[PDB]
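> What would the 3D arrangement of this be:
(chains A, B, C and D)
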Number of protein chains: 4
Amino acid sequence: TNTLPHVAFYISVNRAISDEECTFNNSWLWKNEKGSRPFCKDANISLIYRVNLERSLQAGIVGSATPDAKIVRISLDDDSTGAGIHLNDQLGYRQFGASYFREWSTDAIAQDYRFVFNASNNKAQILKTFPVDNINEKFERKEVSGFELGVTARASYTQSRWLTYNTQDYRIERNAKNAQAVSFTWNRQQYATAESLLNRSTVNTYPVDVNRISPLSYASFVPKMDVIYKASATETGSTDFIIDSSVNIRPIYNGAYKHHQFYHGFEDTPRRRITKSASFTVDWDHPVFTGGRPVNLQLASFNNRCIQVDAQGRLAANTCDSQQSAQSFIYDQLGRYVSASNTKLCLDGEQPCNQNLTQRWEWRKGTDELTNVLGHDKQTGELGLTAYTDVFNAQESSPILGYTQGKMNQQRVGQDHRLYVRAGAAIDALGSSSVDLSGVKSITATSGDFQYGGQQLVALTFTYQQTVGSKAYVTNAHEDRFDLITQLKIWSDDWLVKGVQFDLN
Amino acid sequence: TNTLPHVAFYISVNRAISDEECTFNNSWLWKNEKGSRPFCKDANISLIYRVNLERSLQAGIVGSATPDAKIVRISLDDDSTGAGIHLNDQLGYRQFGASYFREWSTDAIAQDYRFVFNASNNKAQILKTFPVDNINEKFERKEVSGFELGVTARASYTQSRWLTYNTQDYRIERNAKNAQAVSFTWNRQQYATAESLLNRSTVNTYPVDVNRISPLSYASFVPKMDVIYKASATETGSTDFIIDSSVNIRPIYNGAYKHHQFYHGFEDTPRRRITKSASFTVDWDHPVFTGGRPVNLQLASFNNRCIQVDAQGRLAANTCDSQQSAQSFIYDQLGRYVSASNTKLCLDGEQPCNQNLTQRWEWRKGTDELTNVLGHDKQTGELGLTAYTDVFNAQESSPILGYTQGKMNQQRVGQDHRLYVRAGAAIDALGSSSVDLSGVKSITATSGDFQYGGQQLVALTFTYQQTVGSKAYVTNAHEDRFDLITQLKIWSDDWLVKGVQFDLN
Amino acid sequence: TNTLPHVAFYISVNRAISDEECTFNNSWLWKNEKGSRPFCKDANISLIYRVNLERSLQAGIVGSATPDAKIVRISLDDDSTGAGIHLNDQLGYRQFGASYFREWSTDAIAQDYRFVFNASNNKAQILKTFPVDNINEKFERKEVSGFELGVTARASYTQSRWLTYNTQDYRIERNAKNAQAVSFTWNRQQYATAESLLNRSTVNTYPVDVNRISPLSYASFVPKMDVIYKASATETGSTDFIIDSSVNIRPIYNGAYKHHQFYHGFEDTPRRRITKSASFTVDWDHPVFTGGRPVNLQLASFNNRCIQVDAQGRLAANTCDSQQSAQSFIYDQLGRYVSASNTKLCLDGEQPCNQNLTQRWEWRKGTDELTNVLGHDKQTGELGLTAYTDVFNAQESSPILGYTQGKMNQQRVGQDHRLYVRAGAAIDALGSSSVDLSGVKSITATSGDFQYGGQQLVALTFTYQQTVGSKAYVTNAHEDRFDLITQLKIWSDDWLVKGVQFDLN
Amino acid sequence: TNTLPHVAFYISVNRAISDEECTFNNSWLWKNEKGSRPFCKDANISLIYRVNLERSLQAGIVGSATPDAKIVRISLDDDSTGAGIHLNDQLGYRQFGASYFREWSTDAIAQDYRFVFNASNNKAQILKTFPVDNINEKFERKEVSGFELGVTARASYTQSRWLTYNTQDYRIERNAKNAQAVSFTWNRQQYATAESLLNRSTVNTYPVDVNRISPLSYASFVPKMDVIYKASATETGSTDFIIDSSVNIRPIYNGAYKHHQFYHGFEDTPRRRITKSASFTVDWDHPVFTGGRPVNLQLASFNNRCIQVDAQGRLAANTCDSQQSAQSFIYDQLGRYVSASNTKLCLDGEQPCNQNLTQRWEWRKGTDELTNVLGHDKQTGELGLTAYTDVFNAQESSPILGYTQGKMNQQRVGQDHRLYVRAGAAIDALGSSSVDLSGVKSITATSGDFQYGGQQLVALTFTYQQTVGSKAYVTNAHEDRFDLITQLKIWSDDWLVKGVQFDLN
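Numbering: from 1, shown residues only, chains lettered A, B, ... in the order given. For reference, the structure is listed below:
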């Protein structure tokens, strides 16, 4: 009870880059002549996030030296990194010729394993990060200057300037979105582009060296970053997060010049972006933010005896539920009783919170029982004259269907609970035809990016068949699923509907 | 009882590379002219794995800060590495001539001592590794630029760029297979190929230096890596692992060019792959994952008195068995009783688990005996009004017969328990002729790689003689054995049957 | 009782290299012309081994995190190294001329102070070593490249590659024999051969510098290595070890070429091998492997009162012996009684070991006496209704007579206990003429290497005189002795008898 | 009583190098022409040794992890080094000319401050040393190689090899004599000989620089080394040690060549050896080797009451003596009584040592008095029905007279106790004329090295005058003295008598 409470749960991240999506052009200008072949084999994403909701202070103690706020860690550390990004287990490739007259579409590497950690609204704030700003190392410079007195007469004055600094293969570039978001980009600085991976300058041999293509670029890379948030002491609301496990897949290129045969890398290499987005909606009224661990009010009357309470105020003795935060109580340094569920309000023995005195049924000085400033007959058990309900863990995560982009709003489900799709051959808008939202324990939203443009939820197969969506004008097909209602969400950016979220339980 | 429980047991690894398997070609194009001689002498594999099944958190405590999962360590560390790989105690060799006109088939070195750690299905996940991703060291660059004012007039402007980075002889290259697997390759970077081991450029002297052939390449190398897994909190199932102690045996080559006599190494050197695979099937219902150490319910009636319980629900007082996890109980922070065997369910004093209260027979406040929210006559001992059953150790390991490759499925033994071999001169498929599965305490599956192709179980000598398998079309003969039934396994890849597993006890 | 038990005892190593053995040739081709002179003076071997038999875990505790095995340390550390190897206190030498026309047979140095640590059979395994595999340090490389803009016009592009690595004078080269053995070779890498110790290239002066002949090569070197073994939890047997304090004695050579007078060292220098072997037979049933310290069952009846027990099962109260492991008992975490001698079995109050309950006579809660789940009259003392017997030390070591090589088998002494020598002018085989094995408290096996070839026990002087062995065809005479029966051992390799071991007490 | 016991006592070392001994030749070939002058002024030796006799383990505890032996430390450390060696407070000198034609007999420096630590016999062994063998630092090598592409065309390929290692001015060279001895030589490596101290190569100026003649060579040097011994657990005997505070006094030389005037140093410089030897005879039966501190058996009868016991067995209550080790008792972990003097045997309440039980009179549980498995009348005090006698300090040291060299034997004093000198004009042998060994509390053995050769006891002035020795044929006179019998010692090497030792008290 003397330790900081949290809610710790890994958010499993899985996304398999099928060769249909991996299939890019095999040349720059000879894309049609060179055909199309995949560039990533067995490309799978598994970056096990360590996302925890926590506070940065205790409760009830005078002498605040660390400011009171709400710190949100959506982060990677030593004990949780996942297997990692993958494009190809080895640097596969295939030489081509003209129909730059040479090309080596080497199996993909990535420019940056970028992360975007966004929260839409201003209910919270961002506080710090783990790389502690854009990390700067101390440089150093040397200046030499001398003259020679040579008798053979020679007198030469030379002066050279030195500069040393510590580069990295995959350094960190941190970019802050706004007061509630920050993005991390590991852009390539050492051996950056195809020009930098070049081996010689002035015979036909593979000119892309394997040694300088580090294992961190092709084999596996694990994430490592923290973001810590902030908010008011008495803030309430809900904000949808976007935790992104994102990469920049791109084939290496290299070509010869009609001069010496010089292997010039391409700066304009098409770096396709593929992602995998995770979202968790947070309720800042959670019992994690109390600062003290719950303690229940024991009842000796019957078998299942913990107070299941409602917002009305009356007390009824009922069964005990682990995650029903209304069946245990905090204990404060003011001596009163605060229920585990709601520390924004508090139990009153007179009501809204204040500094009253009769709010107390303190423990026995000595053994473990309760005193007065629980006499009740077995028939009633009501007020008259320990254990934990661990609500400090999160429920099952609900994956998103489609893609996350653009402005986000929370739709209100209609009285009929019918989902309306205002789309035809072209997708314009959706909202809450009519689809019945019952009798379906497993949804299958087979979709991708529409041929007209953008990333959308081009189809929503509603099997019991309510096929609300077109399928004849769809590009690369990233299909997902979600097994099983409270309400519905949407992620239409401007005029294209991509994302959806179903909150259950 | 306050420490994290585990199951610790070395998995002994033994594999002797006989000269029959070691026999490779003695040249590149003169293989028939130069005959065939072995390249590894006394080549034996002993890499004592330290495989332990463990969890990453406690039980019953509020304030989860380390996420709850199941962490599987199949790893090497300081206190367990084994003797190591071996090809030849010294760099033996023999010069040859034409009939590149020179060759030195030096006693084998290895490109990489690769490890593949695979789990087939998605019931679990991978969490971290010991080399913490592909390790990247900080680089550094220096730029100098200066001009000279020489009066003898001379003015020269020179600018040079420096680059320093820390190479290793046997560095680590980590490649992640999928969300439940990762592979470790120590490919050669410093003194990589036969070209790199070259000593001079432009007399007949041994041109492969011994100094740069480090002892880690020929004498002995011990493994050093960790893999740590992950899964859901309430996951159950069975997954077959593949722990591989694998090397890449290859003779060194070097040859002269008909020009100066230049010793050019061969990049296309045939690097034969030989392995030794270890598999252990895990049951995620194991009592290792409880978080609290078992405590038994003492009976003072008779001599051998620990509750041997079944799944029916009735309680009978019987003898005590060390590894019968049904004869002791966990103790929780909820105060109830959970049996050591099954923490997925729990003992109920009313049943499925819940947060009830009458589930308690708590210890005496003071001395060591049991109270109420064990009065029984010596005649019955049933309910009326400490010690450990160490099930935190694994049983004897059952070695595999053949090789592990391709898709894996678990066969169901037939009612007659007859093993059927649907193979003739060519192996097509097997499954569960008819072989009686009784009366044989020692199997001898003498086999190898079939001449038609691939690695198979070409023969299964069933001695009591049921010789189910051909022997006239078999390549290098790696023969194994297995001494002594529950069920049977198989490892047929596409159309070729290689592996088999017999779970006993 | 809370600490890991061991058996610690130095194994004294002594071997004096007499000048008769040290006498090698004084030249390469002029051996007869240059005569024969000794090359090592006062050459004595004393490398005090620190050999200890120990386990790697406790007993009776649930939560096995370090795997249970049997770890054998045959090792050198900081507190035990011995005086060291010695050939000559100073670099003595003598110039010679032709009858390469010059030679300096400098007083011997050694190529390697090699150690072989061998165990014949597979009852145990090897687990780790102290140099933690062949130690590899991190290398580093630097590449520079620049161009000059000189106006006097000059433009030069230069590119140089750097390589740095940490050599040692006497580095460590570890070679693993098999799953129960490993060998350590400190071959010379820095100033390796006579060529490397050379001082100049192009007057008659001593050309072998003393400064680069380090004191570790001629004056003294102490050993430093560990080997740690492994075995099954319930393994029993006996394996003979071979702890070797071995060197490679060799005179330095150097000669001039008939050109400039260049001092070319000889790569083909004859490096004679001289050794000193130590063997200790281990019984894995030793009381060292219990994990808990013995505690005796006190008897208050008579003066000398500790239970001397046999394998029959009956209990008789008799005198107390320090090393009679049958006169004390372990105490377990199961609460029962296990005797100190045999933890493979255990005391039973009903017998073979199990998890019974009536096996207990637990101590008093409070003072120090014994209770029930020792009432006996002084007349009998038998069962009716603390101190240590330190068996955790080894007995006196028995030195070996001759040499250790080839296959090893344990002979069974005949009923008549007569030793038969099936050898004449040439040694063919021995085994158990007839020699009476009694009445001799001191054996004198004066022998060496036979002139016909190999290292043998060429003679066995049996003084009471039974001279079983020839002496007219013996080379360098390394004579030993052994003072004082259970059984007899032998070490005949193929057809030549060298070693013998006499286990007493 | 829980700490390791020792016997700690400095051994004061004093030896004044008088100018009579310091007087060497003033040239190489002009010794008679250049006369004779002293080279060391105020040359005094004071190296306070820290010699302690100690053990390496406790007593009575099971679980031996550090091997049981007897460790002898004859060593220097931080808290005890002495003032140091001295030849001259400043580099005095005097130029000379011919009658190499120049010489500068600079005030003496020393090649090595060598130490020899010898024990004659094999009753003990050597175990380790403080410099932990001949110390070897890790070397490093760098190889660079590059080509230039210069257009003015120039193409140069250069390759250079680097080598770095850490030298010392006075490094340590450790040489091991045998299994009971080791010698330490700090031979000069940096600025080694007169050639190395040279300043220029090609005016008459002092050519021996003062800066490179470090203060450690002329002003003062203190010793720093440890030697640690070993022996059997039950070894008894006596061995005479030779602790040597020895130097190698030598004048610096330097001379010009009749060419340029080049100052060539002399490699053949006469390095005279002067010493100061310390010897202490050890009795391995000392009470230091018990492992437990003595505790006495209190008697309340009379004033001076501690049991003075003899070897007969009877007990008599008498006075208390501090260093009479027979007046206190050890206490063991077996619970018995062992006397402080003799732990080889032990007190028996039945006798030779065994594991009996009635050997116990244990202390009171509670207050401090003695119980039974001391009732006696004041008249007798004998057996019927704490404090320390610190014998863990050594007595006064007896200096040696003469020199220590050659074979050593212990003479047995004759019945008449007459010392016989079998020497005349030439010393042949001595042994035990006739000299009465009484009435002389101060001996004066004025002697030195005899003119015939070697270091001897050329005279023994026996003042009460028994002048047993010649004085007309004696070289440099190192005279000593010894103030004040048990027995007598001698140190005749082959046929020349040098040393003598008188053990008193």
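> Taking chain A, what residue is nearest to chain C?
Going by Cβ to the nearest Cβ, chain C is nearest to residue A:201 of chain A, at 9.9 Å. In short, each C-beta sits where N, CA and C put it, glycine included.
> Run a quick neighbour tally on the closest residue to that residue other than its chain neighbours.
Among residues not flanking residue A:201 along the chain, residue A:262 sits closest, at 6.2 Å (Cβ to Cβ, 6 or more residues apart in numbering or on different chains). By the criterion of other Cβ atoms under 10 Å in any protein chain shown, residue A:262 has 14 neighbours.
> now residue A:262: how far from chain D?
Distance, residue A:262 to chain D, using Cβ to the nearest Cβ, to the nearest Å: 15 Å.
> The residue of chain A closest to chain C - that's part of a helix, no?
No. Assessed with DSSP: H, G, I helix; E, B strand; the rest coil, residue A:201 is coil; it does not lie in a helix.
> For it, the count of nearby residues, please.
Residue A:201 has 10 nearby residues by other Cβ under 10 Å.
> and what of residue A:225?
19.
> Determine the three-state secondary structure at the nearest residue to it once chain neighbours are set aside.
Leaving aside its chain neighbours, residue A:225 sits nearest to residue A:184 (4.9 Å; criterion: Cβ to Cβ, 6+ apart). Following three-state DSSP, we place residue A:184 in the strand state.
> got a list of what residue A:184 touches?
Contact partners of residue A:184, counting by Cβ atoms under 8 Å, 6 or more residues apart in numbering or on different chains, are A:114-115, A:117, A:131, A:172-175, A:225.
> Kindly reformat these as a markdown table and extend each row with secondary structure.
Shown next, in a markdown table, are the contacts of residue A:184 (three-state DSSP):
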| residue | secondary structure |
| --- | --- |
| A:114 | coil |
| A:115 | strand |
| A:117 | strand |
| A:131 | coil |
| A:172 | coil |
| A:173 | strand |
| A:174 | strand |
| A:175 | strand |
| A:225 | coil |
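> Out of the residues you listed, which comes closest to chain D?
The closest of the contacts of residue A:184, once distances to chain D are taken by Cβ to the nearest Cβ, is residue A:172, at 32.7 Å.
> thought that closest one was touching residue A:135?
Yes. If you go by Cβ atoms under 8 Å, residue A:172 and residue A:135 touch, sitting 6.6 Å apart.
> the more surrounded of these two?
A direct count of neighbours by other Cβ under 10 Å for residue A:172 and residue A:135 places residue A:172 higher, at 16 against 12.
> Next, count neighbours for the residue in the stretch 301-450 of chain A that chain D sits nearest to.
With Cβ to the nearest Cβ, the shortest gap between the stretch 301-450 of chain A and chain D falls at residue A:366, namely 33.7 Å. Number of residues near residue A:366 (other Cβ under 10 Å) recorded here: 6.
> For it, what are phi and psi?
Per-residue torsions, residue A:366: phi 130, psi -110 (degrees, to the nearest 10).
> mind checking how far it is from residue A:337?
From residue A:366 across to residue A:337, the span is 20 Å (Cβ to Cβ, to the nearest Å).
> Also residue A:288?
In terms of Cβ to Cβ, residue A:288 sits 19 Å off from residue A:337.
> And the two? Which one has more around it.
Taking neighbours as other Cβ under 10 Å, residue A:288 and residue A:337 compare with residue A:288 leading, 23 against 19.
> Can you classify the more buried one as helix, strand or coil?
Applying three-state DSSP: residue A:288 is helix.
> Let me see the contact set for residue A:157.
Counting by Cβ under 8 Å, 6+ apart, residue A:157 touches A:145-147, B:148-150.
> show me what contacts residue A:261?
A:202-204.
> Is the residue of chain A most remote from its centre part of a helix or strand, or is it coil?
Largest separation from the mean C-alpha position in chain A: residue A:152, at 73.0 Å (Cα atoms, centre = their mean). Of the three states, residue A:152 takes coil under three-state DSSP.
> beta partners for residue A:146?
The partner list for residue A:146 in beta bridges (DSSP bridges) reads residue A:158.
> In this structure it contacts residue A:155, no?
No. Using Cβ under 8 Å, residue A:146 is not in contact with residue A:155; the gap is 10.9 Å.
> need the strands for the stretch 1-150 of chain A, in chain order.
For the stretch 1-150 of chain A, the strands defined by DSSP state E, counting those that start in this stretch occupy A:6-11, A:15-17, A:24-25, A:36-37, A:43-45, A:49-55, A:70-75, A:95-97, A:102-104, A:106-110, A:115-119, A:124-129, A:140-147.
> er, the stretch 251-400 of chain A actually
A:255-256, A:263-264, A:272-274, A:277-278, A:281-283, A:306-307, A:317-318, A:329-331, A:337-339.
> of these, which approaches chain B most closely?
Per Cβ to the nearest Cβ, nearest to chain B of the strands of the stretch 251-400 of chain A: strand A:306-307, 7.4 Å.
> Now do the contacts for residue A:213.
A:91, A:109, A:191, A:197, A:252.
> Name the nearest residue to the last one, sequence neighbours excluded.
Think residue A:252. residue A:106 (3.6 Å).
> Just to check, that neighbour is in contact with residue A:208?
Yes. In terms of Cβ under 8 Å, residue A:106 counts as a neighbour of residue A:208; the distance is 5.5 Å.
> Of the two, which one has the most company?
More crowded of residue A:106 and residue A:208, by other Cβ under 10 Å: residue A:106, with 24 against 20.
> Chain D versus residue A:162, what's the distance?
Taken as Cβ to the nearest Cβ, the span from residue A:162 to chain D is 19 Å.
> so that residue is in which element?
strand A:155-165 (DSSP states H and E).
> So for that strand, what gets flagged as buried?
A:156, A:158, A:160 (16 or more other Cβ atoms under 10 Å in any protein chain shown).
> Please report how far the last one lies from residue A:149.
Spelled out, it's residue A:160. For residue A:160, the distance to residue A:149 - Cβ to Cβ - is 20 Å.
> Equivalent analysis for the second one, please.
Going from residue A:158 to residue A:149 by Cβ to Cβ gives 14 Å.
> Residue of the stretch 401-505 of chain A closest to chain D, please.
For the stretch 401-505 of chain A, Cβ to the nearest Cβ, closest residue to chain D: residue A:476, 48.6 Å.
> Perfect, that will be all.
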